[PDB]
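Chemist: give me a model of this one.
(4 chains)
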There are 4 protein chains.
Amino acid sequence: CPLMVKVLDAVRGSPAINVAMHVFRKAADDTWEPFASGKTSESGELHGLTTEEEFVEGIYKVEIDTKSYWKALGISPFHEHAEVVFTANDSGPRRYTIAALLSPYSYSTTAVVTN
Amino acid sequence: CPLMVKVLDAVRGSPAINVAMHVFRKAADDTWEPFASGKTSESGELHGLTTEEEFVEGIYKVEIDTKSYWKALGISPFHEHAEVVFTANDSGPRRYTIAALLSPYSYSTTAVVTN
Amino acid sequence: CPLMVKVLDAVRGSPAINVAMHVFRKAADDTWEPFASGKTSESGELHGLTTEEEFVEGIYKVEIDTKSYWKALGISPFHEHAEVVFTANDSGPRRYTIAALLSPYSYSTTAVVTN
Amino acid sequence: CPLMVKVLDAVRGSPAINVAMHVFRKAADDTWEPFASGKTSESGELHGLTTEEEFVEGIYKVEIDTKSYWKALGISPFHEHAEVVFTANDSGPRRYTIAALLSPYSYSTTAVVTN
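Modeler: Residues are numbered from 1 along each chain as shown, chains lettered A, B, ... in the order given. Shown next is the structure:
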């Protein structure tokens, strides 16, 4: 499990559950090719997006549909989605956890890259 | 204006208006002595708390009452307040802007220090 | 000044100066058309990007090149850039301040929207 | 395990390891009584601070010594420590995770309160 995503809700103080997201990998034509997708679990986590063999060096984009999440709660959000764009590099550690902390008008994202 | 505090509301995407705060300074006996206090304006800023002459080297605490802010908006939040504790003017006089970004279960605080 | 962007450096506690960014607007064909661009000033702010007449209803993307910022400081950061994507002026004209707080492995973005 | 603390380093994109913290509970005299303490593990987490029987309703303060952490890395921090002050309430969910995301000039803290 080289890539995991964890999403938290700063309004309710809870995991953000059932949040959809799509991952894309940049191709040579400089367009985003679909790579992986899913919805967060009851822990706010999405596991199993890819495998070590499939996740090679490259530029990846994680698009988290935050707008649908807030609309389901009845709170008017600012952003269309939260996007996280990064290069995977083999000199660095093996595992990438992308964390996102969501508020209606604000979000933060942090990468925890470990061995 | 050597010390300014700016407070923002991450739920509404707005300045946080009428937020009370109290500033304290550590005394020689290691107690917190009252220093200055005020409330944020319609811009979410609190200016005029002190002067260059009065704000001497020391350890200062800014206590922002976030709980009353959220309760007035109908929200029961997690934190009693947001505390910011720092040494000031150790190297000579500086201008300090303390920023706080508020959500019911989360907050962030950042210092911008200029010379 | 209907759109302003403010960028801060959480490592140094300073405005993030000379940070490039490009703004795009979604076209009728669902592509991102160039809208405006610039670099932050010594205050970490970028003003004058557009006018009330030019900034019409639409979906906008602000792409802040954080990677070049960190590399110039000797830091190899996680993200390629920080993207902020939002619908603007849906309810009529508003003033938008997009704030970004930068660390090498983490960033936050907040919108302050006033009328 | 009703109370856990998780600390992340936003500069290095890693758990914040060996971070000391002290927890206090407010007494009737309105002073902070020592309650629990420890250092974060290699995962950046501190478990086992208290038990369900001992953690009763009350006002608690978690003081995280962020200054010593940055000083060990050779980066000049702004804050003396990061403080998280909150009321434990039995009407809410059982488990409290206090998360802290650290930068030298900025930190955020979030409570995830779950069942």
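
Chemist: tell me the residue furthest from the middle of chain A?
Modeler: The centre of chain A is farthest from one residue, residue A:29, which by C-alpha atoms, centre = their mean lies 23.3 Å away.

Chemist: can you confirm it is in a strand?
Modeler: No - membership of residue A:29 in a strand is not supported by DSSP: H, G, I helix; E, B strand; the rest coil, which gives coil.

Chemist: spit out the contact partners of residue A:99.
Modeler: A:5-8, A:109-112, D:8 (C-beta atoms under 8 Å, 6 or more residues apart in numbering or on different chains). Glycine gets a C-beta too; all of them are placed from N, C-alpha and C.

Chemist: repeat that with 10 Å
Modeler: The contact partners of residue A:99, by C-beta atoms under 10 Å, 6 or more residues apart in numbering or on different chains, come to A:4-8, A:44-45, A:84, A:108-112, C:106, D:8, D:99, D:101.

Chemist: how close does residue A:112 get to residue B:47?
Modeler: 38 Å (C-beta to C-beta, to the nearest Å).

Chemist: looking at the two, which is more packed in?
Modeler: For residue A:112 versus residue B:47, neighbours defined as other C-beta atoms under 10 Å in any protein chain shown are more numerous around residue A:112 (25 against 13).

Chemist: that one reaches residue D:45, doesn't it?
Modeler: No - taking contacts as C-beta atoms under 10 Å, residue A:112 lies outside contact range of residue D:45: 12.0 Å.

Chemist: mind listing the shared neighbours of these two?
Modeler: residue D:15.

Chemist: enumerate every residue touching the residue nearest to residue A:1 when sequence neighbours are not counted.
Modeler: Sequence neighbours aside, residue A:47 is the residue nearest to residue A:1 in space, at 5.9 Å (criterion: C-beta to C-beta, 6 or more residues apart in numbering or on different chains). Residue A:47 makes contacts with A:1, A:3-6, A:38, A:40-41, as judged by C-beta under 10 Å, 6+ apart.

Chemist: just the buried ones from these?
Modeler: When the contacts of residue A:47 are checked for burial by 16 or more other C-beta atoms under 10 Å in any protein chain shown, the buried set is A:3-6, A:38, A:40.

Chemist: out of the residues you listed, which touch chain D?
Modeler: Counting by C-beta under 10 Å from any C-beta of the partner chain, nothing from the buried ones among the contacts of residue A:47 sits close to chain D.

Chemist: could you dump those to TSV with distance to chain C and secondary structure?
Modeler: Conversion of these to TSV gives the following (distance: C-beta to the nearest C-beta, whole Å; DSSP: H, G, I helix; E, B strand; the rest coil):
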residue	distance to chain C	secondary structure
A:3	13	strand
A:4	15	strand
A:5	14	strand
A:6	13	strand
A:38	21	strand
A:40	19	coil
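
Chemist: looking at those, which is nearest residue D:58?
Modeler: Distance to residue D:58, by C-beta to C-beta, is smallest for residue A:6 among the buried ones among the contacts of residue A:47, at 29.6 Å.

Chemist: from chain B, how far off is the closest one?
Modeler: 14 Å (C-beta to the nearest C-beta, to the nearest Å).

Chemist: that residue: what's it in contact with?
Modeler: Contact analysis of residue A:6 by C-beta under 10 Å, 6+ apart lists A:15-16, A:40-41, A:43-47, A:97-101, A:110, A:112.

Chemist: just checking: what are the partner strands of the helix or strand containing residue A:34?
Modeler: Using DSSP states H and E, residue A:34 sits within strand A:32-39. According to DSSP bridges, strand A:32-39 forms sheet pairs with strand A:20-26 (antiparallel).

Chemist: in PDB, list the C-alpha atoms belonging to the partner strand.
Modeler: Provided in PDB are the C-alpha atoms of strand A:20-26 (Å, rounded to 0.1, in the frame of the first residue of the first chain):
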ATOM      1  CA  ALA A  20     -15.000  10.500  -3.200                       C
ATOM      2  CA  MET A  21     -11.700  11.100  -4.800                       C
ATOM      3  CA  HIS A  22      -9.900  10.500  -8.100                       C
ATOM      4  CA  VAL A  23      -6.200  10.000  -8.700                       C
ATOM      5  CA  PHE A  24      -4.500  10.900 -12.000                       C
ATOM      6  CA  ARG A  25      -1.100  10.400 -13.400                       C
ATOM      7  CA  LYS A  26       0.400  12.900 -15.900                       C
END
